[PDB]
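Asks: Protein sequence lines, in the order shown, are assigned to chains 5, s, 9, 2 and D. Under PDB author numbering, the residues of the first sequence are numbered 31 to 141, 150 to 365, 369 to 392, 398 to 422, in order. Under PDB author numbering, the residues of the second sequence are numbered 89 to 119, 140 to 430, in order. Under PDB author numbering, the residues of the third sequence are numbered 15 to 103, 118 to 137, in order. Just add 46 to wherever you are in the fourth sequence, counting from 1, and you've got PDB author numbering. Just add 60 to wherever you are in the fifth sequence, counting from 1, and you've got PDB author numbering.
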Amino acid sequence: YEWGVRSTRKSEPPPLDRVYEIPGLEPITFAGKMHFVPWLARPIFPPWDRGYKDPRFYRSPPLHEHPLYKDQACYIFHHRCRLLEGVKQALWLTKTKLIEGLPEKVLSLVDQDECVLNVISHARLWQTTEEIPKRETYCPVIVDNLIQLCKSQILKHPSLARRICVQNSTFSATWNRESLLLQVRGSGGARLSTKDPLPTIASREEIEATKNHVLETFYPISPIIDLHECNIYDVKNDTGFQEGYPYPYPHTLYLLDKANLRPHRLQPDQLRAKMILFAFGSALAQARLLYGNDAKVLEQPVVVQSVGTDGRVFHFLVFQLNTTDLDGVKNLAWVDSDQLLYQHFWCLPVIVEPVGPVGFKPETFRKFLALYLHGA
Amino acid sequence: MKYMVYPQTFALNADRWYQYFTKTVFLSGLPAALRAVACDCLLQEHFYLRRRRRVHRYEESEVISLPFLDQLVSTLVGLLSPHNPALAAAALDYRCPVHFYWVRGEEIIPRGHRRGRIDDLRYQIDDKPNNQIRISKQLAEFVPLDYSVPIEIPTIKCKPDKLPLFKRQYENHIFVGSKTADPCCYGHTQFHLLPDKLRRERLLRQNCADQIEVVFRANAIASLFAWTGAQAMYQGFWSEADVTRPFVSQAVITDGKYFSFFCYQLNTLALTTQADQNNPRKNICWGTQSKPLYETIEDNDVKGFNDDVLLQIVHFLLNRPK
Amino acid sequence: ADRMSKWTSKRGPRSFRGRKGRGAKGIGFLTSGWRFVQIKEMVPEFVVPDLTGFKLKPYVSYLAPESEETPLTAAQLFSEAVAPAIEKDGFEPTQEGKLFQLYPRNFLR
Amino acid sequence: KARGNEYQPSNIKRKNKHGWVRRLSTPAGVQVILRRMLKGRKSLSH
Amino acid sequence: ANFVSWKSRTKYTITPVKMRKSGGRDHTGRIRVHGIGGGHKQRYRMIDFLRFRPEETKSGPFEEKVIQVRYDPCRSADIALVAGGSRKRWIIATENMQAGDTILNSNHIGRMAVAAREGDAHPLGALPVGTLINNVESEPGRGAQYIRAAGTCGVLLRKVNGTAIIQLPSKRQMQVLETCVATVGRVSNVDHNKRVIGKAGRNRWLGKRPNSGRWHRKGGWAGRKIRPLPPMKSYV
RNA sequence: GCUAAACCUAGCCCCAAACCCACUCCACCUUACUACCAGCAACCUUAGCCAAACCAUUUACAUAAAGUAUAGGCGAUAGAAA
RNA sequence: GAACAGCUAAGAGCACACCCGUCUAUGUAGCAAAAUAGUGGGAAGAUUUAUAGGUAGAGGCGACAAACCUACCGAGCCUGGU
RNA sequence: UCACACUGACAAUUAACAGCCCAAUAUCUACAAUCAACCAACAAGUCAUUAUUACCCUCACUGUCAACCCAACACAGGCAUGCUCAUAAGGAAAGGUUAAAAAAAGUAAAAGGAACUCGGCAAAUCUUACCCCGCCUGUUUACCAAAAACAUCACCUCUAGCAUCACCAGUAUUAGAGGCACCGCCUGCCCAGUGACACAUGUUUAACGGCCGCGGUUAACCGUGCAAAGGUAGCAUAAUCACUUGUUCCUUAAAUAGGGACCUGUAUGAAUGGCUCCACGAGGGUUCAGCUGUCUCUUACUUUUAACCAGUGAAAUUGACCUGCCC
Ligand SMILES: [Mg+2]
Ligand SMILES: [Mg+2]
Ligand SMILES: [Mg+2]
Ligand SMILES: [Mg+2]
Ligand SMILES: [Mg+2]
Ligand SMILES: [Mg+2]
Ligand SMILES: [Mg+2]
Ligand SMILES: [Mg+2]
Ligand SMILES: [Mg+2]
Ligand SMILES: [Mg+2]
Ligand SMILES: [Mg+2]
Ligand SMILES: [Mg+2]
Ligand SMILES: [Mg+2]
Ligand SMILES: [Mg+2]
Ligand SMILES: [Mg+2]
Ligand SMILES: [Mg+2]
Ligand SMILES: [Mg+2]
Ligand SMILES: [Mg+2]
Ligand SMILES: [Mg+2]
Ligand SMILES: [Mg+2]
Ligand SMILES: [Mg+2]
Ligand SMILES: [Mg+2]
Ligand SMILES: [Mg+2]
Ligand SMILES: [Mg+2]
Ligand SMILES: [Mg+2]
Ligand SMILES: [Mg+2]
């Protein structure tokens, strides 16, 4: 089955005049005139090429001519890359362990609700003029309000002033598996930076013991399946800042996912996979900026967090990169899926049920505050 | 049908027209870590933040002016929390529309089937600030109720339709930052920013060099008036039921380098002729000239930085609500 | 639905009115999400000279003499500019790389 | 019902049906315009 | 007479292509088939009828995996997207094909028979005698065309030399080459003929206008014709 | 006597002779009366009313020869040339 | 793309806006070459509708009225054969 | 010059309201909307990019009026979107005098409340039983017939082994051409004739269509002739030629009206579909309690109308008329 349809494709041109097949006179064509003519023969114009370059009407060369056209097709990854399997694909591409439970230090750092409820109600109903808002409206608003609520505790911890939450921040990182080349790209949300690096959660004992278990395969599905295959990518890594910039080390990737429609969302499993991939890429970029580009085992492992999206459902991911040589030891990540703060909200009164959220739990806010603290 | 008032306008000498439509009183003047943080926030978007896509002149105010201002406001709110505890529990809305509706004066139909009938012309300000702060409690009064200040108000001896200000019909909205069912209804400071249209370079290219500060003054006046009117209507007050207490407000404007501050003091809400013949009160709106925050930036280093602007920003953000 | 009214920008609906218009000669182009860019090169720059010391007036006096009309043509111009042609015993063959070309109206008035 | 209103006004449909371009697109409109010109009408098309 | 066919998509895309209904109209504008038009909007999904087709730099067999089983509005039988390797492709779903199942796609004609599951596919030269099959192709590398509706399934009769006679669901014998590929089992969406419509609302939603009102006088073609089976048509 | 009729110049038709017009400025093939950007365009027996009381054959769109030879359900009608 | 209040609870019932027009009485140069007030069926669906394109007479369409196709369609109008 | 929106000159409307649109190479768009978070489905669905090449010249153009459109008009005719379902907006049924006759829109009734009329037809009291047709809902002659017809889901007949322009981007549970029309009993005979399928002297009837006559014993039954079969079940004077106001009971005191059982129905009848059946039809009839001036027997009142005063001001029609009755 050939997809195309002859009627939709470009119509085949008419047959050349029988006068050109005579070797070799001058076929009297209408080239002398500047308009279509029915009688007389049809000429064969040459391929015209514009002398000057017009940005409004500029044609790019083909793929066979480029400055860095490589033969090894590297598969890049971005926010739009919707995975297929789920978290297992991200774990295989990153080579890290999956722990179903947050660390002990973060949970212990915890040791109020009216403010959170008011902020939720505001962002969900009162933050706009019209009724029944949309995800694209209250998702970034919810994220910003939560960040502000978490940062308002600077009076208690004076060390929370040495950080900032930027917006348009990107990153890049390249690594090999067995043995193709991969690549990642920046995000499209927020990003919290810190002056000093985060502390090491897991010790070297766990890093050495992780050599026992292995990765989880998924035959016959390949780790690419959904990753974007794109040539001409430039392997030269890059970050979102330049040398000598305050607050260089990251802390928590506050990426969001707008989209008012369900099909335009990223799903929980695929969103967690994308978050893990982004955290691994940021950690690798930070390691390459601190150390060299050689493949070896790092001595001072870094830590990069990330929070889920969606005003209702929420996810947590605490990455911990300790080795740059993939191809040995591996990393470990702590996940907390399907946390979801408040179950449902009733913008209008149904006829029975008041105007407000239902099914709220404070553990989500406590975990958010603990993740925001960590270093303070 | 009501005149669609735009705070960010480009008309000439629109300050007098706005003062007449609002009945205000303008008055010139006012009633180490922070500097480093501001310089870092600047240099960030000015050089450090590697832009994937090449930014042009039209995509500058929307990619380097808004994020930098947002980061500056966030850093200020975070650093001023210990000294100002009222800012910790404050609600900050990033990019939220501000609407307000009111009536002013009368107007007889010139031609049509409605000729010979009094039609009170209406107005509406649909401001869209970049980010504002909200506090449950109200700000102090600064200026007492009912002030003399003998400076008169512009007259405007012509139809208001002459100035590029046309009429349009749509849903009348009176919105501050949230709905009436919210405790965080009051605020204090407000931030704005003009687009590539109202650029001082564009005004210098033409001959409207004297309108540079006038545009900022009119925008600040419109924003403050809309804010105060909407927040007073949220409390139940309106034309007939005049406000019993003043609704002071503050707003800061800029364009990318020059900064200036403006104050306000809402005194009355009855702008119609039915309650203006015996209304000796009037609103006030303080202001200052535009000063440059920094001369230029070389690669990754400020040149002539200014500390007075930062000091004024700190003084404006540290005002505690009584 | 008259057939005598000249079709202008005050007849068609919103789309027609927006697309059509008067013969005012556009300046620049339109790109992006409704972002018209003005090209300074296409803007008509009026070269106005200095009128200081201009002893001429837009009205002639009645005391001037009457003379016959002499249609200036190529032959008259060549006869007037014949000094170097006779002294020899200034012409361009191709004006493709010329700024103010003759046959192709590249200038304006 | 009242069938006296058989004409629905619309400039787009009028210009698309009795348009100069639609007329010249086929010899029908060409002959129509030629006849209208030979007759001497002031308005040839809509 | 502006009539452009929406079937304009060279690249095999997975997203539902916007289907522009026809209503029985041809390129001119006249109706040639009554009873088509006025239905609910639908979106066609590019189906990959050709079961066997390796990806880039590939040749040998390759396994597959089922992800989900969705419904197709353009046909009676449901579908189920299956991912194989570094790409995906919509294909027809078989009976008892749950999510996560493994589908084998090979083309090597083994010496003996191969016990095929209820989803995999192998050439007719490696199928036991008397086995229900569907999505049979006409020529080597042509594409599935026969037996593709809901519940339809043809049984394998016998093999003669390098050919194989397939008993189509219509009790008609068809000789197909042995090197051709064809799925096994019956198509999903069982008990479809028993699906009672209930009301004309669903009939109109499906996109079927009511029949004409002319009282056609039944002629000679209305009588029952007890015809025998037709001769076996081959493609060799 | 109120309402109402009277005025030839404009112009046209029939002929002789001769072969007539088509860029002050700008637009004119898309929504003609629009300054400014990447597609195939025509070469086809005319039919029919009518007449033969209807109609199916058939019927036209210089002078003389001569309406002669001829065709015509051998009829209404057609119809030349040397 | 838009439309469908409200009440009792499924191409459910009543009922706003809206689509259609079974009867009464006025008129047939009438307001109207198909109108006026009430009594009526539908009104979450096979429904109505704003925009544009396509199907035209030796035909198109038709939940068939052999009905409709710009006020007269058992088959339209205008040009020449009239 | 109903009365004074009719002539020549005077200038508004200023866009920010919506359009005027995206330079290419290739590659990613499967987990609906219905407060979308539980359930719950079917009609399977309305909004999103990637690396590179080249580009940092920027605020021009179209409408901004009104009592407005389409119907020969200043026409009781038609017109969608957001807001209020009587308002902050939107208008004057009465040019003056009288109550002629008649007509239309309404108000009240001593007594009956369908006895007037072919008919419970405008009127409000307001709801019940028995029959015909159709399954419903909807569509049907725009503009006299809006149904008992057209259609509808169920049933069944015939044709096709199949890719690029509708069918179809489909594959004998599919597509095309058709009779009737769910559910219950069900649908009995036939190719003599026409047509179709045949190439096997045949099959097809849920194709077009047809399913006996005579004498004897109201009748089992007997003999005879024709033919492929001689009307099967059912139902009944029906929506059913004439006989026919059929026989008979009820329904009115008064019944060619209606319902209940019978067929000499010689011309009813089983997908030309026959008989029952819980829902429903502005489809067609009867009827028990209540009624409304339809009547017995009508009147009084308000408005338009009606009569005089002022003006604009006509149609169809007219042979001229000095325009009667009886035989
Ligand atoms: Mg049918
Ligand atoms: Mg039928
Ligand atoms: Mg004749
Ligand atoms: Mg209903
Ligand atoms: Mg109803
Ligand atoms: Mg009929
Ligand atoms: Mg005649
Ligand atoms: Mg207007
Ligand atoms: Mg009319
Ligand atoms: Mg009046
Ligand atoms: Mg009167
Ligand atoms: Mg009475
Ligand atoms: Mg009676
Ligand atoms: Mg009587
Ligand atoms: Mg009645
Ligand atoms: Mg019916
Ligand atoms: Mg219809
Ligand atoms: Mg009718
Ligand atoms: Mg109708
Ligand atoms: Mg009717
Ligand atoms: Mg029927
Ligand atoms: Mg039968
Ligand atoms: Mg009878
Ligand atoms: Mg009776
Ligand atoms: Mg009905
Ligand atoms: Mg009079």
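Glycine included, each C-beta is placed from N, C-alpha and C at the ideal position.
Does DSSP classify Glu197 (chain D) as helix, strand or coil?
Replies: If DSSP states are grouped into helix, strand and coil, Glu197 (chain D) belongs with the strands.
Asks: Should the stretch 256 to 276 of chain s be regarded as contacting the stretch 325 to 340 of chain s, the criterion being three or more beta carbon pairs within less than 8 Å?
Replies: The answer is no - the stretch 325 to 340 of chain s does not touch the stretch 256 to 276 of chain s, with fewer than three Cβ pairs under 8 Å.
Asks: Consider the Cβ of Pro306 (chain 5): report whether some Cβ of chain D lies at a distance smaller than 8 Å.
Replies: Not closer than 8 Å to any Cβ of chain D, the Cβ of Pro306 (chain 5) fails to qualify, so no.
Asks: For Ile286 (chain D) and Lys231 (chain D), I'd like the C-alpha separation in whole angstroms.
Replies: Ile286 (chain D) and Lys231 (chain D): Cα-Cα distance of roughly 14 Å.
Asks: Between the Cα of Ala422 (chain 5) and the Cα atoms of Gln221 (chain 5), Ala325 (chain 5), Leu193 (chain 5), which residue gives the shortest distance?
Replies: Of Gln221 (chain 5), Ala325 (chain 5), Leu193 (chain 5), the residue nearest in Cα terms is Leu193 (chain 5).
Asks: Cβ of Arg162 (chain 5) within 8 Å of Cβ of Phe386 (chain 5)?
Replies: A contact, by the Cβ cut-off of 8 Å.
Asks: Which bits of chain 5 does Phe109 (chain D) rub up against, with CB to CB less than 9 Å?
Replies: Result: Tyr31.
Asks: Going straight from the alpha carbon of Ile79 (chain 2) to that of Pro68 (chain 5), what length do you get?
Replies: Going from the Cα of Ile79 (chain 2) to the Cα of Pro68 (chain 5) covers about 21 Å.
Asks: Name the chain D residues that come within less than 9 Å of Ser90 (chain 5), Cβ to Cβ?
Replies: The contacting residues do not exist; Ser90 (chain 5) stays about 19 Å from chain D at best.
Asks: Excluding sequence positions up to five away, which residues of its chain have a Cβ less than 7 Å from the Cβ of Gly42 (chain 9)?
Replies: Result list for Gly42 (chain 9): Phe50, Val51, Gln52, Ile53, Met56, in chain order.
Asks: Taking its Cβ as the centre, do 16 or more other Cβ atoms sit within 10 Å of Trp335 (chain s), making it buried, or is it exposed?
Replies: When all chains shown are included, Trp335 (chain s) counts as buried.
Asks: Return the residues of the stretch 123 to 141 of chain D that lie within a Cβ-Cβ distance of less than 9 Å from chain 5, sorted by chain order.
Replies: Hits within the stretch, in order: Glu123, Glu124, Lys125, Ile127.
Asks: One question on the structure: do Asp108 (chain D) and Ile139 (chain D) come within less than 8 Å of each other, judged by their Cβ atoms?
Replies: Not in contact: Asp108 (chain D) and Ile139 (chain D) (Cβ atoms no closer than 8 Å).
Asks: Can you give the Cα-Cα distance for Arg135 (chain D) and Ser272 (chain D), rounded to whole angstroms?
Replies: Going from the Cα of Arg135 (chain D) to the Cα of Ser272 (chain D) covers about 24 Å.
Asks: From the DSSP secondary-structure annotation, give me the bridge partner or partners of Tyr231 (chain s).
Replies: According to DSSP, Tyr231 (chain s) bridges with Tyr91 (chain s), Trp210 (chain s).
Asks: What's the C-alpha gap between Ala321 (chain 5) and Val340 (chain 5)?
Replies: Answer to the nearest angstrom: the Cα atoms are 7 Å apart.
Asks: Can you pull the chain s residues whose beta carbon is under 9 Å from the beta carbon of residue 488 (chain 5), in chain order?
Replies: There is simply no residue 488 (chain 5) to check, as chain 5 begins at 31 and stops at 422 in what is shown.
Asks: Relative to chain 9, which residues along the stretch 59 to 91 of chain 2 have a C-beta separation below 8 Å, given in chain order?
Replies: Answer set for the stretch 59 to 91 of chain 2: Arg60, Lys61, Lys88, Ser89.
Asks: For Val35 (chain 5), which residues in chain D fall below 7 Å Cβ to Cβ?
Replies: Here the neighbours are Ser65, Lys67, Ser68.
Asks: For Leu382 (chain 5), which option in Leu364 (chain 5), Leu184 (chain 5), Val204 (chain 5) has the closest C-alpha, if you only look at C-alpha atoms?
Replies: Answer by Cα proximity: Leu184 (chain 5).
Asks: In chain 9, which residues lie with their C-beta within 9 Å of the C-beta of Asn57 (chain 2)?
Replies: Chain 9 residues near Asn57 (chain 2): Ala15, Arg25, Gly26, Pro27, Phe30.
Asks: For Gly179 (chain D), does the count of other Cβ atoms within 10 angstroms reach 16, so buried, or fall short, so exposed?
Replies: That one is buried.
Asks: How long is the line joining the alpha carbons of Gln165 (chain 5) and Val284 (chain s), rounded to whole angstroms?
Replies: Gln165 (chain 5) and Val284 (chain s): Cα-Cα distance of roughly 10 Å.
Asks: May I ask you to list, following chain order, the residues of the stretch 183 to 208 of chain 5 that have a beta carbon less than 9 Å from some beta carbon of chain s?
Replies: For the stretch 183 to 208 of chain 5, which is checked against every Cβ of chain s, the residues closer than 9 Å are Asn183, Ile185, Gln186, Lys189, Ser190, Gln191, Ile192, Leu193, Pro196, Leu198, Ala199, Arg201, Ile202, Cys203, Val204, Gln205, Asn206, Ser207, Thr208.
Asks: From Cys204 (chain s) to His300 (chain s), what distance separates their C-alpha atoms?
Replies: Looking at the two C-alpha atoms, the distance is approximately 11 Å.
Asks: For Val356 (chain s), which of helix, strand or coil comes out of DSSP?
Replies: Reduced to three states, the DSSP call for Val356 (chain s) is strand.
Asks: Under 8 Å Cβ to Cβ from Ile169 (chain D), same chain only, skipping five residues before and after it: list those, please.
Replies: Excluding residues within five positions, the ones whose Cβ falls inside 8 Å are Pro183, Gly185, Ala186, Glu238, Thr239.
Asks: Less than 6 Å between C-beta atoms, sequence neighbours within five positions excluded: which residues of the same chain meet that for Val204 (chain 5)?
Replies: Counting only Cβ-Cβ distances below 6 Å, and skipping sequence neighbours, we find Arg229.
Asks: Assuming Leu70 (chain 5) and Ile52 (chain 5) make a contact with CB atoms under 8 Å, what is their CB distance in whole Å?
Replies: About 15 Å separates the two Cβ atoms, so there is no contact after all.
Asks: Mind pulling the chain D residues with CB within less than 8 Å of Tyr257 (chain 5)?
Replies: Within 8 Å Cβ-Cβ: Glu123.
Asks: According to the Cβ coordinates, are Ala159 (chain D) and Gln128 (chain D) closer than 8 Å?
Replies: Yes. Within cutoff.
Asks: Looking at the secondary structure, which residues open and close the alpha helix (DSSP H) in which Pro288 (chain 5) lies?
Replies: Counting along the chain, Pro288 (chain 5) falls outside any alpha helix (DSSP H), though it belongs to the beta strand (DSSP E) covering 287 to 291.
Asks: Got a sec, what are the start and stop residues for the beta strand (DSSP E) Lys125 (chain D) sits in?
Replies: Here the beta strand (DSSP E) through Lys125 (chain D) covers 122 to 126.
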